[PDB]
>>> print(open('query_17.cif').read())   # mmCIF, C-alpha atoms and all ligand atoms
data_data
loop_
_atom_site.label_atom_id
_atom_site.label_comp_id
_atom_site.auth_asym_id
_atom_site.auth_seq_id
_atom_site.Cartn_x
_atom_site.Cartn_y
_atom_site.Cartn_z
CA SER A 1 101.47 99.08 93.80
CA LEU A 2 99.38 96.56 95.74
CA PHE A 3 96.50 97.16 93.32
CA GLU A 4 98.38 95.83 90.30
CA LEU A 5 99.69 92.92 92.40
CA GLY A 6 96.16 92.00 93.44
CA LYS A 7 94.89 92.14 89.86
CA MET A 8 97.81 89.97 88.74
CA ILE A 9 97.15 87.26 91.33
CA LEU A 10 93.47 87.22 90.37
CA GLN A 11 94.40 86.93 86.68
CA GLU A 12 96.95 84.13 87.13
CA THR A 13 95.43 82.02 89.92
CA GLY A 15 91.75 82.85 89.52
CA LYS A 16 91.51 83.12 93.31
CA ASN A 17 90.52 86.06 95.47
CA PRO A 18 93.97 87.44 96.41
CA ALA A 19 93.35 88.49 100.02
CA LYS A 20 91.23 85.43 100.81
CA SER A 21 93.71 82.80 99.63
CA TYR A 22 96.92 84.75 100.29
CA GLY A 23 96.20 87.62 102.71
CA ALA A 24 97.54 85.60 105.65
CA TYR A 25 98.83 82.35 104.14
CA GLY A 26 101.73 80.61 105.87
CA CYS A 27 104.64 82.60 107.28
CA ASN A 28 105.27 84.89 104.29
CA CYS A 29 102.04 85.63 102.38
CA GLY A 30 100.25 88.87 103.22
CA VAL A 31 100.78 90.71 106.48
CA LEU A 32 103.64 90.72 108.96
CA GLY A 33 106.83 90.21 106.97
CA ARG A 34 108.87 87.10 106.27
CA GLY A 35 109.37 83.80 108.07
CA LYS A 36 110.44 80.24 107.43
CA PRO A 37 108.34 79.11 104.44
CA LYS A 38 105.70 76.50 105.22
CA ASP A 39 105.44 75.17 101.65
CA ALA A 40 105.92 76.11 98.00
CA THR A 41 103.10 78.68 98.00
CA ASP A 42 104.63 80.29 101.10
CA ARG A 43 108.03 80.42 99.37
CA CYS A 44 106.54 82.42 96.48
CA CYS A 45 105.67 85.17 98.96
CA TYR A 46 109.07 84.83 100.66
CA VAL A 47 110.82 85.38 97.33
CA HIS A 48 108.42 88.21 96.47
CA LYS A 49 109.11 90.03 99.75
CA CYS A 50 112.85 89.72 99.11
CA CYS A 51 112.24 91.04 95.58
CA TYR A 52 110.74 94.15 97.19
CA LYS A 53 113.73 94.60 99.52
CA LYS A 57 116.07 95.02 96.53
CA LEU A 58 113.97 97.81 95.00
CA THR A 59 116.55 100.39 96.08
CA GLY A 60 115.30 103.26 93.92
CA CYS A 61 111.52 103.31 94.34
CA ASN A 67 108.64 102.09 96.48
CA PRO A 68 106.69 98.87 95.87
CA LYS A 69 103.52 99.38 97.93
CA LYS A 70 102.31 102.68 96.42
CA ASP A 71 104.09 103.28 93.09
CA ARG A 72 101.71 102.50 90.24
CA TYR A 73 103.07 100.95 87.05
CA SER A 74 101.77 99.91 83.63
CA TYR A 75 101.37 96.31 82.49
CA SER A 76 99.29 94.49 79.89
CA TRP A 77 97.50 91.16 79.49
CA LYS A 78 98.47 89.75 76.08
CA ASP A 79 98.02 86.10 75.06
CA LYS A 80 97.07 85.37 78.69
CA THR A 81 100.50 86.62 79.79
CA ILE A 82 101.49 89.46 82.09
CA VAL A 83 103.67 91.88 80.13
CA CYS A 84 105.53 94.67 81.95
CA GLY A 85 105.83 97.52 79.45
CA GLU A 86 107.09 100.12 81.93
CA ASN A 87 110.00 102.25 80.75
CA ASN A 88 111.06 103.40 84.22
CA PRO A 90 113.68 100.88 85.42
CA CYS A 91 112.52 100.65 89.03
CA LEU A 92 108.82 100.41 88.15
CA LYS A 93 109.79 97.77 85.57
CA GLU A 94 111.73 95.85 88.23
CA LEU A 95 108.72 96.27 90.54
CA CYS A 96 106.30 94.95 87.91
CA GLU A 97 108.51 91.90 87.36
CA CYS A 98 108.50 91.16 91.10
CA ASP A 99 104.69 91.20 91.10
CA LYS A 100 104.45 89.14 87.90
CA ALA A 101 106.81 86.50 89.31
CA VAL A 102 104.82 85.92 92.50
CA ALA A 103 101.50 85.75 90.62
CA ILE A 104 102.94 83.10 88.30
CA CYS A 105 104.55 81.32 91.26
CA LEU A 106 101.27 81.22 93.19
CA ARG A 107 99.38 79.71 90.24
CA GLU A 108 102.17 77.19 89.63
CA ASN A 109 101.88 75.97 93.24
CA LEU A 110 98.09 75.85 93.63
CA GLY A 111 98.46 72.06 93.47
CA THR A 112 100.05 72.00 96.93
CA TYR A 113 97.97 74.83 98.43
CA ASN A 114 96.87 73.84 101.95
CA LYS A 115 93.87 75.60 103.48
CA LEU A 116 95.29 74.84 106.94
CA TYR A 117 97.86 77.59 106.27
CA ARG A 118 95.33 80.11 104.92
CA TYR A 119 94.97 81.96 108.25
CA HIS A 120 98.30 81.07 109.83
CA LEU A 121 99.35 82.42 113.23
CA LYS A 122 102.42 84.29 111.95
CA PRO A 123 103.82 85.50 115.33
CA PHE A 125 104.88 81.91 116.11
CA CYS A 126 106.66 81.40 112.78
CA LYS A 127 110.32 80.42 112.75
CA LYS A 129 112.64 83.23 111.70
CA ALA A 130 113.58 83.55 108.04
CA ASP A 131 117.02 83.58 106.48
CA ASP A 132 118.36 86.86 105.16
CA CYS A 133 117.29 87.73 101.61
CA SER B 1 101.88 98.02 114.20
CA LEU B 2 99.62 95.37 112.67
CA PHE B 3 100.39 93.19 115.71
CA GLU B 4 98.74 95.62 118.13
CA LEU B 5 95.90 96.31 115.70
CA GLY B 6 95.16 92.62 115.21
CA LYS B 7 95.22 91.93 118.94
CA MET B 8 92.93 94.90 119.64
CA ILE B 9 90.43 93.62 117.07
CA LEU B 10 90.45 90.12 118.59
CA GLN B 11 90.05 91.42 122.14
CA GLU B 12 87.15 93.73 121.26
CA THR B 13 85.27 91.71 118.62
CA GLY B 15 86.18 88.18 119.68
CA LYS B 16 86.86 87.45 116.00
CA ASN B 17 90.15 86.57 114.34
CA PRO B 18 91.32 89.69 112.47
CA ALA B 19 92.62 88.34 109.14
CA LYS B 20 89.81 85.81 108.66
CA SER B 21 86.94 88.19 109.42
CA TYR B 22 88.47 91.57 108.50
CA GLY B 23 91.56 90.91 106.35
CA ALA B 24 89.39 91.71 103.32
CA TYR B 25 85.95 93.15 104.03
CA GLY B 26 83.95 95.50 101.83
CA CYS B 27 85.77 98.39 100.20
CA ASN B 28 88.02 99.63 103.03
CA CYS B 29 89.06 96.76 105.33
CA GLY B 30 92.48 95.33 104.51
CA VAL B 31 95.02 96.45 101.96
CA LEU B 32 94.26 98.42 98.74
CA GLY B 33 93.24 101.78 100.18
CA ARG B 34 89.87 103.45 100.66
CA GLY B 35 86.57 103.23 98.81
CA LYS B 36 82.88 103.90 99.19
CA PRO B 37 82.06 101.72 102.22
CA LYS B 38 79.45 99.00 101.88
CA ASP B 39 78.13 99.14 105.46
CA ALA B 40 78.97 100.32 108.98
CA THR B 41 81.74 97.73 109.41
CA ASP B 42 83.28 98.94 106.15
CA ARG B 43 83.06 102.55 107.34
CA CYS B 44 85.11 101.69 110.44
CA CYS B 45 88.05 100.80 108.19
CA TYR B 46 87.36 103.92 106.11
CA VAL B 47 87.66 106.17 109.17
CA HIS B 48 90.65 104.12 110.34
CA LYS B 49 92.58 104.83 107.14
CA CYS B 50 91.73 108.53 107.36
CA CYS B 51 93.01 108.41 110.95
CA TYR B 52 96.30 106.95 109.71
CA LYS B 53 96.60 109.79 107.19
CA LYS B 57 96.58 112.39 109.99
CA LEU B 58 99.60 110.83 111.74
CA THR B 59 102.81 112.81 112.10
CA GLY B 60 105.52 110.60 110.58
CA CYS B 61 105.40 107.32 112.50
CA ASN B 67 104.84 104.14 110.48
CA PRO B 68 101.42 102.63 111.28
CA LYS B 69 102.36 99.23 109.84
CA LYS B 70 105.77 98.62 111.44
CA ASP B 71 106.08 100.85 114.52
CA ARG B 72 105.21 99.12 117.79
CA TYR B 73 103.51 100.91 120.67
CA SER B 74 102.49 100.08 124.23
CA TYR B 75 98.87 99.53 125.26
CA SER B 76 97.07 97.59 127.97
CA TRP B 77 93.80 95.65 128.24
CA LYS B 78 92.58 96.94 131.62
CA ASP B 79 89.08 96.07 132.85
CA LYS B 80 88.11 95.02 129.31
CA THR B 81 89.22 98.41 127.96
CA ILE B 82 92.01 99.33 125.55
CA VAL B 83 94.28 101.88 127.25
CA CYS B 84 96.92 103.69 125.19
CA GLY B 85 99.63 104.38 127.74
CA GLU B 86 102.02 105.29 124.91
CA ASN B 87 103.72 108.64 125.46
CA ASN B 88 105.26 109.36 122.05
CA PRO B 90 102.79 111.77 120.38
CA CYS B 91 102.60 110.00 117.01
CA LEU B 92 102.60 106.50 118.49
CA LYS B 93 99.94 107.60 120.99
CA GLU B 94 97.75 108.89 118.16
CA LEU B 95 98.53 105.70 116.23
CA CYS B 96 97.37 103.66 119.22
CA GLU B 97 94.19 105.74 119.42
CA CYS B 98 93.47 105.14 115.73
CA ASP B 99 93.74 101.38 116.24
CA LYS B 100 91.64 101.41 119.42
CA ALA B 101 88.94 103.38 117.59
CA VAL B 102 88.55 100.89 114.74
CA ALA B 103 88.55 97.91 117.12
CA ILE B 104 85.70 99.49 119.10
CA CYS B 105 83.93 100.46 115.87
CA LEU B 106 84.04 96.93 114.44
CA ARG B 107 82.78 95.47 117.72
CA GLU B 108 79.95 98.02 117.94
CA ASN B 109 78.77 97.07 114.43
CA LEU B 110 79.05 93.27 114.61
CA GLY B 111 75.25 93.07 114.44
CA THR B 112 75.32 94.10 110.77
CA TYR B 113 78.48 92.20 109.82
CA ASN B 114 77.63 90.70 106.42
CA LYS B 115 79.60 87.58 105.49
CA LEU B 116 78.95 88.31 101.80
CA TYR B 117 81.21 91.38 102.07
CA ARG B 118 84.09 89.21 103.31
CA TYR B 119 86.77 89.13 100.58
CA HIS B 120 84.66 91.60 98.63
CA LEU B 121 86.36 92.05 95.26
CA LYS B 122 88.19 95.35 95.64
CA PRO B 123 88.17 96.47 91.97
CA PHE B 125 84.36 96.51 92.43
CA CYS B 126 84.46 99.63 94.54
CA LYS B 127 83.71 103.26 93.78
CA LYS B 129 86.34 105.85 94.64
CA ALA B 130 86.16 107.28 98.15
CA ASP B 131 85.64 110.88 99.18
CA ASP B 132 88.62 112.77 100.54
CA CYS B 133 89.26 112.44 104.26
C1 LIG A 201 100.34 86.95 98.20
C2 LIG A 201 99.49 88.24 98.13
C3 LIG A 201 100.04 89.41 98.99
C4 LIG A 201 101.37 89.82 99.10
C5 LIG A 201 102.61 89.20 98.42
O1 LIG A 201 102.71 89.19 97.24
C6 LIG A 201 103.69 88.56 99.30
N1 LIG A 201 103.33 88.03 100.60
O2 LIG A 201 104.81 88.51 98.93
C7 LIG A 201 101.37 90.92 99.98
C8 LIG A 201 102.39 91.75 100.48
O3 LIG A 201 103.74 91.54 100.11
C9 LIG A 201 104.49 92.71 99.87
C10 LIG A 201 105.29 93.05 101.13
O4 LIG A 201 105.20 92.31 102.14
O5 LIG A 201 106.03 94.06 101.15
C11 LIG A 201 102.07 92.79 101.35
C12 LIG A 201 100.73 93.00 101.73
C13 LIG A 201 99.73 92.18 101.22
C14 LIG A 201 100.06 91.13 100.34
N2 LIG A 201 99.28 90.21 99.73
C15 LIG A 201 97.82 90.11 99.88
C16 LIG A 201 97.08 90.97 98.81
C17 LIG A 201 97.80 91.62 97.82
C18 LIG A 201 97.13 92.39 96.87
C19 LIG A 201 95.75 92.50 96.92
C20 LIG A 201 95.03 91.84 97.92
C21 LIG A 201 95.70 91.08 98.86
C1 LIG A 202 99.78 89.56 115.00
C2 LIG A 202 98.35 89.92 114.55
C3 LIG A 202 97.36 88.74 114.76
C4 LIG A 202 96.98 87.82 113.79
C5 LIG A 202 97.48 87.79 112.33
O1 LIG A 202 97.49 88.78 111.68
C6 LIG A 202 97.99 86.48 111.74
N1 LIG A 202 98.77 85.59 112.57
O2 LIG A 202 97.76 86.20 110.61
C7 LIG A 202 96.08 86.93 114.43
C8 LIG A 202 95.34 85.80 114.02
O3 LIG A 202 95.42 85.32 112.70
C9 LIG A 202 94.53 85.98 111.83
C10 LIG A 202 93.26 85.16 111.68
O4 LIG A 202 93.23 83.96 112.05
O5 LIG A 202 92.23 85.69 111.17
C11 LIG A 202 94.51 85.14 114.93
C12 LIG A 202 94.40 85.59 116.25
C13 LIG A 202 95.13 86.71 116.65
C14 LIG A 202 95.96 87.37 115.73
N2 LIG A 202 96.75 88.45 115.90
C15 LIG A 202 96.90 89.19 117.16
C16 LIG A 202 97.82 88.35 118.09
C17 LIG A 202 98.50 87.25 117.59
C18 LIG A 202 99.32 86.49 118.42
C19 LIG A 202 99.46 86.84 119.75
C20 LIG A 202 98.79 87.94 120.26
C21 LIG A 202 97.96 88.69 119.43
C1 LIG A 203 90.27 95.52 109.77
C2 LIG A 203 91.59 94.73 109.71
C3 LIG A 203 92.74 95.33 108.86
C4 LIG A 203 93.01 96.67 108.55
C5 LIG A 203 92.22 97.93 108.96
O1 LIG A 203 92.01 98.15 110.11
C6 LIG A 203 91.69 98.92 107.91
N1 LIG A 203 91.54 98.51 106.52
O2 LIG A 203 91.41 100.02 108.22
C7 LIG A 203 94.17 96.67 107.75
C8 LIG A 203 94.94 97.68 107.13
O3 LIG A 203 94.56 99.04 107.25
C9 LIG A 203 95.60 99.92 107.59
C10 LIG A 203 96.06 100.63 106.32
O4 LIG A 203 95.45 100.45 105.23
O5 LIG A 203 97.07 101.39 106.34
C11 LIG A 203 96.07 97.34 106.40
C12 LIG A 203 96.46 96.01 106.27
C13 LIG A 203 95.70 95.01 106.88
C14 LIG A 203 94.56 95.35 107.62
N2 LIG A 203 93.69 94.58 108.30
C15 LIG A 203 93.76 93.11 108.38
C16 LIG A 203 94.58 92.66 109.62
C17 LIG A 203 95.10 93.59 110.50
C18 LIG A 203 95.83 93.17 111.61
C19 LIG A 203 96.05 91.82 111.82
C20 LIG A 203 95.53 90.89 110.93
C21 LIG A 203 94.80 91.30 109.83
#
>>> encode(input="query_17.cif", output="structure tokens", more="lines below")
Ligand SMILES: CCc1c(C(=O)C(N)=O)c2c(OCC(=O)O)cccc2n1Cc1ccccc1
Ligand SMILES: CCc1c(C(=O)C(N)=O)c2c(OCC(=O)O)cccc2n1Cc1ccccc1
Ligand SMILES: CCc1c(C(=O)C(N)=O)c2c(OCC(=O)O)cccc2n1Cc1ccccc1
Amino acid sequence: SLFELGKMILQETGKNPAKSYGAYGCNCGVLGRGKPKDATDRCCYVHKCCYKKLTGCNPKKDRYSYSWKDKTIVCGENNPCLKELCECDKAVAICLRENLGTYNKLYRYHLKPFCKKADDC
Amino acid sequence: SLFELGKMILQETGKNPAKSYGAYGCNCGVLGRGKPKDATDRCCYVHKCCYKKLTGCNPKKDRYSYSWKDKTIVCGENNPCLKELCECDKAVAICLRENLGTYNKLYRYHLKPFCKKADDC
């Protein structure tokens, strides 16, 4: 669910998830996908496409189990779809931390309606 | 949809919706409901309970028709669920504008794990 995603982003990046990523670029936060503005935006683009493949469950509301061992997100879920969901969330949290170096505050509250259309997932 | 909701909030409050309300208190933004911190937070609490009473239409993705006539939000929508959805969004936009006087910047991006569980709607 969005709860576990938010905890993951806070654990990996150390940043408030909705502040730094609630409306970043054309893909982070609300209002679907668009042409990525930068590397951080592409993390959210990939993450949204990760959600679109979850054909057997529901990413926004389905809670899953994960652990924080050796400063690493570990998805211990036995259910295959929840496990696939947890790995989507873990990937974007790692991706967002890995691209903090090119984070641009000018994209933090980006006017998404004027974004160029995105390619199909 | 979030498009209409965001535009309603801007027209009523004069504030940008994601920057000022994308994460406020315990109820504004994603991550569900919680014990509200103030009157602004309670607007989003009531708003989410309003969404729960809807009759099948998707509050996030479904578009509806409304007009800004004589500085008033008018829900001309005729579909019963989309009309109620429009009325939910108009209510929170008015609520946030009515309570701007106690808008506390410290509750912006309020850490959402912080919050106590909310009462049932
Ligand atoms: C980058 C963070 C993010 C999403 C992403 O991880 C992303 N843009 O991919 C995402 C999101 O994406 C899933 C989807 O659109 O279905 C939907 C809604 C909000 C979304 N926040 C903001 C947020 C998440 C969790 C706690 C607090 C704020
Ligand atoms: C689409 C929702 C939205 C914003 C978003 O949700 C978004 N683009 O992120 C946003 C906005 O940005 C959030 C922020 O700056 O706080 C600023 C101002 C208005 C904003 N409307 C309403 C709107 C946008 C474009 C045309 C007509 C109405
Ligand atoms: C108060 C603003 C708000 C929501 C509310 O109005 C609120 N928390 O009640 C809400 C929201 O709530 C509906 C729900 O949780 O299903 C879900 C996701 C984002 C939400 N933004 C932020 C936003 C909305 C529209 C344009 C730009 C930013």
>>> residues_near_ligand(input="query_17.cif", ligand="ligand LIG 203 (chain A)", cutoff="8 Å", atoms="only C-alpha atoms and all ligand atoms", output="VMD selection string")
(chain A and resid 24 31) or (chain B and resid 2 to 7 9 17 to 20 22 to 25 28 to 34 44 to 49 52 68 to 69 99 102 to 103 106)
>>> closest_residue(input="query_17.cif", among="A:40, A:119, A:1, A:108", to="residue 96 (chain A)", atoms="only C-alpha atoms")
A:1
>>> calpha_fit_and_write(input="query_17.cif", fixed="chain A", moving="chain B", output="CSV table (one decimal) with C-alpha atoms, in the coordinates of the input")
chain,number,residue,atom,x,y,z
B,1,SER,CA,101.2,98.9,93.9
B,2,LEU,CA,99.0,96.4,95.7
B,3,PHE,CA,96.3,97.1,93.0
B,4,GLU,CA,98.5,95.7,90.2
B,5,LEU,CA,99.7,92.9,92.4
B,6,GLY,CA,96.2,91.8,93.4
B,7,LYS,CA,95.0,91.9,89.8
B,8,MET,CA,98.0,89.9,88.7
B,9,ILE,CA,97.3,87.2,91.3
B,10,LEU,CA,93.6,87.0,90.3
B,11,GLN,CA,94.4,86.8,86.6
B,12,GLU,CA,97.1,84.0,87.0
B,13,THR,CA,95.6,82.0,89.9
B,15,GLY,CA,91.9,82.6,89.3
B,16,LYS,CA,91.6,83.2,93.1
B,17,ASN,CA,90.7,86.4,95.0
B,18,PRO,CA,94.0,87.7,96.4
B,19,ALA,CA,93.0,88.9,99.9
B,20,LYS,CA,90.8,85.9,100.7
B,21,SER,CA,93.2,83.2,99.5
B,22,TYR,CA,96.6,85.0,100.0
B,23,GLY,CA,96.0,87.9,102.3
B,24,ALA,CA,97.4,85.8,105.1
B,25,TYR,CA,99.0,82.5,104.1
B,26,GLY,CA,101.7,80.6,105.9
B,27,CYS,CA,104.7,82.6,107.2
B,28,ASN,CA,105.4,85.0,104.3
B,29,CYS,CA,102.1,85.9,102.5
B,30,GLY,CA,100.6,89.2,103.6
B,31,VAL,CA,101.9,91.7,106.0
B,32,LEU,CA,104.3,91.1,108.9
B,33,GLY,CA,107.5,90.3,107.0
B,34,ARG,CA,109.3,87.1,106.2
B,35,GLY,CA,109.6,83.8,107.9
B,36,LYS,CA,110.5,80.1,107.4
B,37,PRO,CA,108.0,79.2,104.6
B,38,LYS,CA,105.5,76.4,105.3
B,39,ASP,CA,105.3,75.2,101.7
B,40,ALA,CA,105.9,76.2,98.1
B,41,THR,CA,103.0,78.7,98.1
B,42,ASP,CA,104.6,80.3,101.2
B,43,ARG,CA,108.0,80.4,99.5
B,44,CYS,CA,106.6,82.4,96.6
B,45,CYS,CA,105.8,85.2,99.0
B,46,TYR,CA,109.2,84.7,100.6
B,47,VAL,CA,111.0,85.3,97.3
B,48,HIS,CA,108.6,88.1,96.5
B,49,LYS,CA,109.6,90.0,99.7
B,50,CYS,CA,113.3,89.5,98.9
B,51,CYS,CA,112.6,90.8,95.4
B,52,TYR,CA,111.1,94.0,96.9
B,53,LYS,CA,114.2,94.4,99.0
B,57,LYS,CA,116.4,94.7,95.9
B,58,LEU,CA,114.4,97.6,94.5
B,59,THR,CA,116.0,100.9,93.9
B,60,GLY,CA,113.9,103.4,95.8
B,61,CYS,CA,110.4,103.1,94.4
B,67,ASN,CA,107.5,102.3,96.8
B,68,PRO,CA,106.2,98.8,96.1
B,69,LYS,CA,103.0,99.4,98.0
B,70,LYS,CA,101.9,102.8,96.6
B,71,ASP,CA,103.6,103.3,93.3
B,72,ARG,CA,101.5,102.4,90.3
B,73,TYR,CA,103.0,100.9,87.1
B,74,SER,CA,101.8,99.9,83.7
B,75,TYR,CA,101.4,96.2,82.6
B,76,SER,CA,99.2,94.4,80.2
B,77,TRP,CA,97.5,90.9,80.1
B,78,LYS,CA,98.4,89.9,76.5
B,79,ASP,CA,97.6,86.4,75.3
B,80,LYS,CA,97.1,85.2,78.9
B,81,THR,CA,100.6,86.6,79.8
B,82,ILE,CA,101.6,89.4,82.2
B,83,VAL,CA,103.7,91.9,80.2
B,84,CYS,CA,105.6,94.6,82.1
B,85,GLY,CA,105.8,97.4,79.5
B,86,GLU,CA,106.9,99.8,82.3
B,87,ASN,CA,110.0,101.8,81.3
B,88,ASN,CA,111.1,103.3,84.6
B,90,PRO,CA,113.9,101.0,85.9
B,91,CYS,CA,112.6,100.6,89.5
B,92,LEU,CA,108.9,100.4,88.5
B,93,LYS,CA,109.9,97.8,85.8
B,94,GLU,CA,111.7,95.7,88.3
B,95,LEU,CA,108.7,96.2,90.7
B,96,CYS,CA,106.4,94.9,88.0
B,97,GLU,CA,108.7,91.9,87.4
B,98,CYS,CA,108.6,91.1,91.1
B,99,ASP,CA,104.8,91.1,91.2
B,100,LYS,CA,104.6,89.1,87.9
B,101,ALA,CA,107.0,86.5,89.4
B,102,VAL,CA,104.9,85.9,92.6
B,103,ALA,CA,101.7,85.7,90.6
B,104,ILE,CA,103.1,83.0,88.3
B,105,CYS,CA,104.7,81.2,91.4
B,106,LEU,CA,101.4,81.1,93.3
B,107,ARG,CA,99.6,79.7,90.2
B,108,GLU,CA,102.3,77.1,89.5
B,109,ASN,CA,101.9,75.8,93.1
B,110,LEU,CA,98.1,75.8,93.5
B,111,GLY,CA,98.2,72.0,93.5
B,112,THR,CA,99.7,72.1,97.0
B,113,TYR,CA,97.8,75.1,98.3
B,114,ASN,CA,96.8,74.0,101.9
B,115,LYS,CA,93.7,75.7,103.3
B,116,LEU,CA,95.0,75.1,106.8
B,117,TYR,CA,97.8,77.6,106.2
B,118,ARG,CA,95.3,80.3,105.3
B,119,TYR,CA,95.4,82.9,108.1
B,120,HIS,CA,98.3,81.0,109.7
B,121,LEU,CA,99.1,82.6,113.0
B,122,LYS,CA,102.1,84.7,112.2
B,123,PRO,CA,103.8,84.7,115.7
B,125,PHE,CA,104.0,80.9,115.1
B,126,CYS,CA,106.8,81.3,112.6
B,127,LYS,CA,110.5,80.8,112.8
B,129,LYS,CA,112.8,83.7,111.7
B,130,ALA,CA,113.7,83.6,108.0
B,131,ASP,CA,117.2,83.4,106.5
B,132,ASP,CA,118.6,86.6,105.0
B,133,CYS,CA,117.7,87.2,101.4
>>> residues_around(input="query_17.cif", residues="residue 120 (chain A)", least_positions_apart="2", cutoff="6 Å", atoms="only C-alpha atoms", output="number ranges by chain")
A: 25-26, 117-118, 122
>>> atom_distance(input="query_17.cif", atom1="atom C17 of ligand LIG 202 (chain A)", atom2="CA of residue 41 (chain A)")
21.9 Å
>>> axis_aligned_box(input="query_17.cif", around="ligand LIG 201 (chain A)", padding_each_side="4 Å", output="JSON")
{"center_x": 100.5, "center_y": 90.5, "center_z": 99.5, "size_x": 19.0, "size_y": 15.1, "size_z": 13.3}
>>> closest_residue(input="query_17.cif", among="B:126, B:107, B:72, B:53", to="ligand LIG 202 (chain A)", atoms="only C-alpha atoms and all ligand atoms")
B:72
>>> atom_distance(input="query_17.cif", atom1="atom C21 of ligand LIG 202 (chain A)", atom2="CA of residue 95 (chain B)")
17.3 Å
>>> closest_residue(input="query_17.cif", among="B:121, B:83, B:61, B:51", to="ligand LIG 201 (chain A)", atoms="all atoms listed in the file")
B:121
>>> atom_distance(input="query_17.cif", atom1="CA of residue 115 (chain B)", atom2="CA of residue 21 (chain A)")
16.0 Å
>>> build_atoms(input="query_17.cif", residues="region 20-36 of chain B", atoms="N, CA and C atoms", output="tab-separated table (two decimals), in the coordinates of the input")
chain	number	residue	atom	x	y	z
B	20	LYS	N	90.90	86.60	109.22
B	20	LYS	CA	89.81	85.81	108.66
B	20	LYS	C	88.56	86.65	108.45
B	21	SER	N	88.19	87.44	109.46
B	21	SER	CA	86.94	88.19	109.42
B	21	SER	C	87.09	89.60	108.85
B	22	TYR	N	88.29	90.18	108.91
B	22	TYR	CA	88.47	91.57	108.50
B	22	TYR	C	89.66	91.79	107.57
B	23	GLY	N	90.44	90.75	107.26
B	23	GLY	CA	91.56	90.91	106.35
B	23	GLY	C	91.17	91.42	104.98
B	24	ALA	N	89.93	91.16	104.56
B	24	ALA	CA	89.39	91.71	103.32
B	24	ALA	C	87.88	91.77	103.47
B	25	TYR	N	87.37	92.95	103.83
B	25	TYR	CA	85.95	93.15	104.03
B	25	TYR	C	85.52	94.43	103.32
B	26	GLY	N	84.51	94.32	102.47
B	26	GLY	CA	83.95	95.50	101.83
B	26	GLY	C	84.95	96.22	100.95
B	27	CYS	N	84.95	97.54	101.05
B	27	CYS	CA	85.77	98.39	100.20
B	27	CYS	C	86.92	99.07	100.93
B	28	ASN	N	87.02	98.91	102.25
B	28	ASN	CA	88.02	99.63	103.03
B	28	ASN	C	88.82	98.77	103.99
B	29	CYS	N	88.34	97.59	104.37
B	29	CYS	CA	89.06	96.76	105.33
B	29	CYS	C	90.12	95.93	104.62
B	30	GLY	N	91.35	96.00	105.12
B	30	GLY	CA	92.48	95.33	104.51
B	30	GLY	C	93.31	96.27	103.66
B	31	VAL	N	94.20	95.67	102.88
B	31	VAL	CA	95.02	96.45	101.96
B	31	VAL	C	94.17	96.93	100.78
B	32	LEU	N	94.74	97.87	100.02
B	32	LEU	CA	94.26	98.42	98.74
B	32	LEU	C	93.56	99.77	98.90
B	33	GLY	N	93.71	100.42	100.05
B	33	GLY	CA	93.24	101.78	100.18
B	33	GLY	C	91.75	101.89	100.49
B	34	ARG	N	91.23	103.10	100.28
B	34	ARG	CA	89.87	103.45	100.66
B	34	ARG	C	88.92	103.38	99.48
B	35	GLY	N	87.64	103.24	99.80
B	35	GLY	CA	86.57	103.23	98.81
B	35	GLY	C	85.26	103.55	99.49
B	36	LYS	N	84.22	103.69	98.67
B	36	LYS	CA	82.88	103.90	99.19
B	36	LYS	C	82.48	102.71	100.05
